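Reviewing the structure listed below.
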Amino acid sequence: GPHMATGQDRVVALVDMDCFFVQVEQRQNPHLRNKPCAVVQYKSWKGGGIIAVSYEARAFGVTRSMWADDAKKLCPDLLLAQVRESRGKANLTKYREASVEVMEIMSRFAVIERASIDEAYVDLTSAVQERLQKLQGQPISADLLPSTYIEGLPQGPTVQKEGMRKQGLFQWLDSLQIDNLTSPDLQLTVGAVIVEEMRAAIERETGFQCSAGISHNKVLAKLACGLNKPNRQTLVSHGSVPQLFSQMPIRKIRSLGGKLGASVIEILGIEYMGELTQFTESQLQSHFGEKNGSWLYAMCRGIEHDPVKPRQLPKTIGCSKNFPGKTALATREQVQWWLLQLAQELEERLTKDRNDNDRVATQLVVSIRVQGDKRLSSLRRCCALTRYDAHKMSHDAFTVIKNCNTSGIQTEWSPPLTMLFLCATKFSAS
DNA sequence: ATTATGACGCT
DNA sequence: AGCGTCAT
Ligand SMILES: Nc1ncnc2c1ncn2[C@H]1C[C@H](O)[C@@H](COP(=O)(O)OP(=O)(O)OP(=O)(O)O)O1
Ligand SMILES: [Ca+2]
Ligand SMILES: [Mn+2]
């Protein structure tokens with residue numbers, strides 16, 4: 001009852017860029033705007049691999065992970081932009097720099113947590129309190145929420161989408177009690193007003209469109225963001241959760257899309273997030289562990305406590321390359337050349353990071369894959385990173401892996417290497 | 001031959 | 001620490 005926490009203490013948003021790498025390329029090349037188009041890396045094998053897809057191209061069935069040659073079968077007029085290649089490898093600098101553009105704008109409104117190259121969480125609780133005082137019990141006009149969906153509305157007593165959006169928004173606003181400055185529903189609504197402003201700023205100042213979710217925690221904000229993309233934002237209220245979750249496949253919730261989620265389904269014999277409410281906390285802890293069990297117990301009621309962490313910058317800087325099939329590295333000269341290529345990109349990025357962000361990395365992680373292993377990584381070893389020098393880092397990396405070589409001959413490398421990875425970690429202020 | 005990342009959990 | 005899981 002009255003002591004039952006409802007997880008309505010915070011206002012959290014998740015802002016996620018629409019088809020991000022495609023928009024970056026469309027800004028640069030106007031010929032790609034408002035077209036079926038995709039971003040591809042490499043070229044020789046099956047036309048390259050698609051990693052981002054415009055919404056026009058999605059209508060033809062083009063998806064991420066698809067080979068471009070196959071995408072062209074679905075969409076003959078598909079336009080393609082290629083990821084830059086430097087030092088023999090794909091280089092994602094353009095997209096990292098475009099990410100910084102957006103993150104810095106978001107940071108003007110609130111402290112953000114960078115969750116990926118194209119999305120960040122926002123804790124808007126304090127900003128909402130501030131705006132609520134400015135409003136002075138003034139109702140929120142629908143005009144302040146021009147791209148907002150209210151999940152679950154309209155209900156009860158019609159065929160256009162924009163019309164449906166406004167119907168839902170009007171039902172929501174009509175029910176709002178703006179007299180209570182601690183009403184969670186009102187707080188979410190003001191949160192949505194701020195996120196409209198945030199999204200307008202991003203589009204004005206970068207040219208990039210995005211979607212957003214507004215709710216009381218990160219998992220619901222993330223889920224919300226996806227409901228109406230692209231170029232729209234969605235408010236998921238605490239009250240909307242029972243209906244929303246009653247038909248929501250468990251795999252849709254962030255962190256449940258893999259083995260744990262499959263285990264929840266298998267062990268409990270359920271399909272939807274809402275079905276979790278019928279288990280005790282102890283029951284869930286018994287199957288999935290203390291931490292997961294408590295997290296699931298709360299999550300299926302719309303409650304989550306994970307904080308928005310004040311972190312705008314990545315914690316690591318890494319540079320990775322696969323060497324598939326026949327291209328696997330089978331000579332020491334090969335291995336050394338590619339370690340140097342990776343190290344040179346790493347040095348470049350590290351030097352820029354040090355200048356921009358007043359920090360220095362102190363640990364170098366080296367990872368490889370050997371031909372045969374189905375795991376992402378076969379071996380991961382750390383050594384000290386004491387100088388931002390590519391030849392030193394590549395020599396050090398070679399030192400830490402050189403005994404993985406099964407070959408009795410040391411000119412040759414066996415089993416051939418199908419992946420190399422260098423990562424700088426453990427930053428200190430400088 | 002679904003690549004290049006990047007965070008956090010376990011023991 | 002080195003590995004695994006999940007994610008974008
Ligand atoms: N598996 C991947 N491999 C390489 N790059 C990826 C992968 N997934 C995502 N990216 C990159 C390209 C994306 O444009 C960018 C953001 O990813 P994501 O938010 O999942 O999709 P998206 O922004 O392209 O479309 P959406 O509008 O559906 O969000 O990160
Ligand atoms: Ca996105
Ligand atoms: Mn994203």
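Residues are referred to by chain and number: the chain letter is A, B, ... according to the order shown in the structure tokens, the number counts from 1 in that chain, and ligands are numbered separately from 1 in the order shown.
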Practice problem: Enumerate the residues of range 284-401 of chain A with a DSSP assignment of strand (DSSP E or B), computed from the backbone, and present them as JSON, numbers by chain. | Solution: {"A": [311, 317, 318, 319, 320, 321, 322, 329, 330, 331, 359, 360, 363, 364, 365, 366, 367, 368, 369, 370, 379, 380, 381, 382, 383, 384]}
Residues from the last selection, N, CA and C atoms, saved as a compact mmCIF listing (two decimals), in the first residue's frame:
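So again_23.txt came out as:
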# COMPACT_ATOMS: atom_id res chain seq x y z
N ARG A 311 28.86 10.12 -17.10
CA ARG A 311 29.99 9.73 -17.94
C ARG A 311 29.67 9.98 -19.40
N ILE A 317 39.53 2.95 -25.29
CA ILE A 317 39.74 3.32 -26.68
C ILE A 317 40.39 2.11 -27.35
N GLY A 318 39.68 1.50 -28.28
CA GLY A 318 40.13 0.24 -28.86
C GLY A 318 40.16 0.22 -30.37
N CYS A 319 40.95 -0.69 -30.92
CA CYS A 319 41.06 -0.84 -32.37
C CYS A 319 41.25 -2.30 -32.77
N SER A 320 40.28 -2.83 -33.51
CA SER A 320 40.05 -4.26 -33.72
C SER A 320 39.96 -4.59 -35.21
N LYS A 321 40.50 -5.73 -35.62
CA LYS A 321 40.28 -6.19 -36.98
C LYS A 321 40.20 -7.70 -37.05
N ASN A 322 39.18 -8.18 -37.76
CA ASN A 322 39.04 -9.58 -38.13
C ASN A 322 39.83 -9.89 -39.39
N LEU A 329 46.14 -14.41 -40.59
CA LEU A 329 47.56 -14.10 -40.55
C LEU A 329 48.38 -15.34 -40.19
N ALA A 330 49.25 -15.75 -41.10
CA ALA A 330 49.97 -17.01 -40.94
C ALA A 330 51.48 -16.82 -40.88
N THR A 331 51.93 -15.57 -40.95
CA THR A 331 53.35 -15.26 -40.84
C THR A 331 53.59 -14.21 -39.77
N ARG A 359 43.42 13.38 -19.96
CA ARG A 359 43.61 12.08 -19.32
C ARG A 359 44.60 11.26 -20.11
N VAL A 360 45.17 10.25 -19.46
CA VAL A 360 46.10 9.33 -20.11
C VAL A 360 45.76 7.89 -19.73
N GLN A 363 47.00 1.19 -19.31
CA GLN A 363 47.05 -0.25 -19.50
C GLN A 363 46.70 -0.55 -20.95
N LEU A 364 47.48 -1.42 -21.57
CA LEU A 364 47.21 -1.88 -22.93
C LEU A 364 46.70 -3.31 -22.88
N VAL A 365 45.51 -3.53 -23.44
CA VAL A 365 44.97 -4.88 -23.52
C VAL A 365 45.14 -5.41 -24.94
N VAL A 366 45.65 -6.63 -25.06
CA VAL A 366 45.87 -7.25 -26.36
C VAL A 366 45.03 -8.51 -26.45
N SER A 367 44.24 -8.63 -27.50
CA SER A 367 43.41 -9.81 -27.65
C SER A 367 43.56 -10.36 -29.06
N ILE A 368 43.54 -11.69 -29.17
CA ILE A 368 43.57 -12.35 -30.47
C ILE A 368 42.53 -13.47 -30.55
N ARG A 369 42.24 -13.89 -31.78
CA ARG A 369 41.44 -15.07 -32.01
C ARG A 369 42.26 -15.99 -32.89
N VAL A 370 42.19 -17.28 -32.60
CA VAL A 370 42.87 -18.28 -33.39
C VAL A 370 41.85 -19.05 -34.22
N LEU A 379 42.17 -15.22 -26.50
CA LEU A 379 43.15 -14.88 -25.48
C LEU A 379 43.26 -13.38 -25.30
N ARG A 380 43.22 -12.92 -24.05
CA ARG A 380 43.30 -11.49 -23.77
C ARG A 380 44.29 -11.24 -22.64
N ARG A 381 45.33 -10.48 -22.95
CA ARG A 381 46.42 -10.23 -22.02
C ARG A 381 46.69 -8.74 -21.87
N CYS A 382 46.95 -8.28 -20.65
CA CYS A 382 47.30 -6.88 -20.44
C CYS A 382 48.79 -6.68 -20.23
N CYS A 383 49.27 -5.50 -20.59
CA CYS A 383 50.61 -5.05 -20.22
C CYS A 383 50.56 -3.56 -19.94
N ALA A 384 51.64 -2.97 -19.45
CA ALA A 384 51.58 -1.54 -19.14
C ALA A 384 51.66 -0.70 -20.40
Quiz item: Which protein, DNA or RNA residues have an atom within 12 Å of ligand 3, counting only C-alpha atoms (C1' of nucleotides) and all ligand atoms, as a PyMOL selection string?
Solution: (chain A and resi 14-21+52+99+114-121+210-212+222-223+225-226+229-230+254) or (chain C and resi 7-8)
Quiz item: Quick one: residues within 12 Å of residue 165 in chain A, only C-alpha atoms (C1' of nucleotides) counted, chain neighbours fewer than 5 positions away excluded, as a ChimeraX atom specification?
Solution: /A:142,145-155,158-160,170-172,228,232-235
Go ahead and dump the residues you just picked, C-alpha atoms, as a PDB file, in the first residue's frame.
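Just written: again_18.pdb:
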ATOM      1  CA  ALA A 142      -0.200  20.239 -26.550  1.00  0.00           C
ATOM      2  CA  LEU A 145       4.705  18.413 -27.184  1.00  0.00           C
ATOM      3  CA  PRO A 146       4.616  18.429 -31.010  1.00  0.00           C
ATOM      4  CA  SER A 147       6.347  15.049 -31.528  1.00  0.00           C
ATOM      5  CA  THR A 148       5.316  13.190 -28.367  1.00  0.00           C
ATOM      6  CA  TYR A 149       3.385   9.917 -28.125  1.00  0.00           C
ATOM      7  CA  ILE A 150       1.737   8.855 -24.872  1.00  0.00           C
ATOM      8  CA  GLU A 151       2.019   5.067 -24.738  1.00  0.00           C
ATOM      9  CA  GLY A 152      -1.332   3.352 -24.165  1.00  0.00           C
ATOM     10  CA  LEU A 153      -3.407   6.288 -25.381  1.00  0.00           C
ATOM     11  CA  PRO A 154      -5.901   6.954 -26.845  1.00  0.00           C
ATOM     12  CA  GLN A 155      -8.186   4.396 -25.210  1.00  0.00           C
ATOM     13  CA  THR A 158      -9.103   7.868 -35.841  1.00  0.00           C
ATOM     14  CA  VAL A 159      -7.383   6.470 -39.018  1.00  0.00           C
ATOM     15  CA  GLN A 160      -4.448   8.907 -39.508  1.00  0.00           C
ATOM     16  CA  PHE A 170      -5.127  15.255 -25.563  1.00  0.00           C
ATOM     17  CA  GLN A 171      -6.510  12.424 -23.378  1.00  0.00           C
ATOM     18  CA  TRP A 172      -3.263  12.514 -21.402  1.00  0.00           C
ATOM     19  CA  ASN A 228       7.659   5.313 -32.180  1.00  0.00           C
ATOM     20  CA  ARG A 232       9.426  10.942 -32.446  1.00  0.00           C
ATOM     21  CA  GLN A 233       9.456  10.646 -28.680  1.00  0.00           C
ATOM     22  CA  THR A 234       7.390   8.477 -26.374  1.00  0.00           C
ATOM     23  CA  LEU A 235       6.306   8.910 -22.773  1.00  0.00           C
TER      24      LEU A 235
END
Exercise. List every residue of range 238-364 of chain A that DSSP, applied to the backbone, labels as alpha helix (DSSP H), and write the result as a ChimeraX atom specification.
Key: /A:241-246,259-268,281-288,290-299,332-357
Practice problem: Have a look at CA of residue 422 in chain A and CA of residue 259 in chain A and let me know their distance in Å, one decimal. | Solution: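 For CA of residue 422 in chain A relative to CA of residue 259 in chain A, the distance reads 27.6 Å.
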Please build the interface table for chain B against ligand 1 with a cut-off of 10 Å, listing for each qualifying residue the nearest atom pair and the distance in Å to one decimal; count only C-alpha atoms (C1' of nucleotides) and all ligand atoms, order rows by chain and increasing number, and write it as a tab-separated table.
residue	atom	partner	partner_atom_place_in_ligand_line	distance
B:2	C1'	ligand 1	1 (N)	7.5
B:3	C1'	ligand 1	3 (N)	5.9
B:4	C1'	ligand 1	4 (C)	5.6
B:5	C1'	ligand 1	4 (C)	7.0
Serialized selection, N, CA and C atoms (P, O5', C5', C4', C3', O3' and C1' of nucleotides), as a tab-separated table (two decimals), in the first residue's frame:
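See selection.tsv below for the written result:
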chain	number	residue	atom	x	y	z
B	2	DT	P	29.02	-14.81	-42.13
B	2	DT	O5'	28.61	-13.52	-41.27
B	2	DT	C5'	28.52	-12.26	-41.90
B	2	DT	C4'	28.56	-11.15	-40.88
B	2	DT	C3'	29.50	-11.42	-39.70
B	2	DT	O3'	30.47	-10.38	-39.59
B	2	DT	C1'	27.35	-10.72	-38.94
B	3	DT	P	32.03	-10.75	-39.69
B	3	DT	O5'	32.79	-9.35	-39.57
B	3	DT	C5'	33.06	-8.53	-40.72
B	3	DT	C4'	33.42	-7.11	-40.27
B	3	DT	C3'	34.58	-7.03	-39.28
B	3	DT	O3'	35.28	-5.83	-39.51
B	3	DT	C1'	32.63	-6.20	-38.27
B	4	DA	P	36.57	-5.43	-38.64
B	4	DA	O5'	36.01	-4.32	-37.63
B	4	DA	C5'	35.55	-3.07	-38.13
B	4	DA	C4'	35.17	-2.17	-36.98
B	4	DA	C3'	36.19	-2.12	-35.84
B	4	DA	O3'	36.24	-0.80	-35.33
B	4	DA	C1'	34.12	-2.79	-34.98
B	5	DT	P	37.46	-0.31	-34.40
B	5	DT	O5'	37.27	-1.17	-33.07
B	5	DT	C5'	36.93	-0.54	-31.85
B	5	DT	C4'	35.43	-0.37	-31.69
B	5	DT	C3'	35.03	0.05	-30.28
B	5	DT	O3'	34.88	1.43	-30.25
B	5	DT	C1'	33.54	-1.59	-31.22
Practice problem: In Å, rounded to a single decimal, give me how far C1' of residue 3 in chain C is from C1' of residue 7 in chain B. | Solution: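 Rounded to one decimal, the two atoms are 14.6 Å apart.
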Practice problem: Skip residue 218 in chain A itself and residues of its chain fewer than 5 positions away, then list as a ChimeraX atom specification all residues within 8 Å of it, counting only C-alpha atoms (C1' of nucleotides). | Solution: /A:12-14,121,304,306-308
Quiz item: How many Å lie between CA of residue 57 in chain A and CA of residue 71 in chain A, rounded to one decimal?
Solution: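 Value for the CA of residue 57 in chain A-CA of residue 71 in chain A distance: 9.1 Å.
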Self-check item: Shell of 12 Å around residue 8 in chain B, only C-alpha atoms (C1' of nucleotides), local chain residues under 4 positions omitted, as an MDAnalysis selection string
Solution: (chainID A and resid 115 255 315) or (chainID C and resid 4:7)
Practice problem: Return the neighbours of chain B among the residues of chain A, cut-off 7 Å, counting only C-alpha atoms (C1' of nucleotides), as a PyMOL selection string. | Solution: chain A and resi 65+320+324-325
Next, dump the selected residues to file, keeping only N, CA, C and O atoms, as a PDB file, in the first residue's frame.
ATOM      1  N   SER A  65      23.724  -6.142 -40.981  1.00  0.00           N
ATOM      2  CA  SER A  65      24.365  -7.470 -41.057  1.00  0.00           C
ATOM      3  C   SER A  65      24.193  -8.129 -42.421  1.00  0.00           C
ATOM      4  O   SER A  65      24.805  -9.149 -42.720  1.00  0.00           O
ATOM      5  N   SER A 320      40.285  -2.833 -33.510  1.00  0.00           N
ATOM      6  CA  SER A 320      40.051  -4.255 -33.718  1.00  0.00           C
ATOM      7  C   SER A 320      39.959  -4.591 -35.211  1.00  0.00           C
ATOM      8  O   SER A 320      39.350  -3.829 -35.968  1.00  0.00           O
ATOM      9  N   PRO A 324      39.237 -12.861 -41.667  1.00  0.00           N
ATOM     10  CA  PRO A 324      38.438 -14.047 -41.929  1.00  0.00           C
ATOM     11  C   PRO A 324      38.991 -14.932 -43.002  1.00  0.00           C
ATOM     12  O   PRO A 324      39.720 -14.535 -43.857  1.00  0.00           O
ATOM     13  N   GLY A 325      38.610 -16.177 -42.855  1.00  0.00           N
ATOM     14  CA  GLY A 325      38.778 -17.158 -43.895  1.00  0.00           C
ATOM     15  C   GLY A 325      40.210 -17.251 -44.254  1.00  0.00           C
ATOM     16  O   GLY A 325      41.069 -17.558 -43.474  1.00  0.00           O
TER      17      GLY A 325
END
Quiz prompt | Contacts of range 270-272 of chain A within 7 Å, only C-alpha atoms (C1' of nucleotides), excl. fewer than 2 positions in-chain, as a ChimeraX atom specification | solution = /A:245-250,265,268,274-275
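Between chain C and the candidates A:408, A:293, A:258, A:163, the tightest atom-to-atom separation, counting only C-alpha atoms (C1' of nucleotides), involves A:258.
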Quiz item: In terms of the shortest atom-to-atom distance over only C-alpha atoms (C1' of nucleotides), which of A:410, A:378, A:430, A:91 is closest to chain C?
Solution: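 Between A:410, A:378, A:430, A:91, the residue approaching chain C most closely is A:378.
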Quiz item: Given the choices A:428, A:344, A:23, A:167, which gets closest to ligand 2 if the distance is worked out from only C-alpha atoms and all ligand atoms?
Solution: A:23
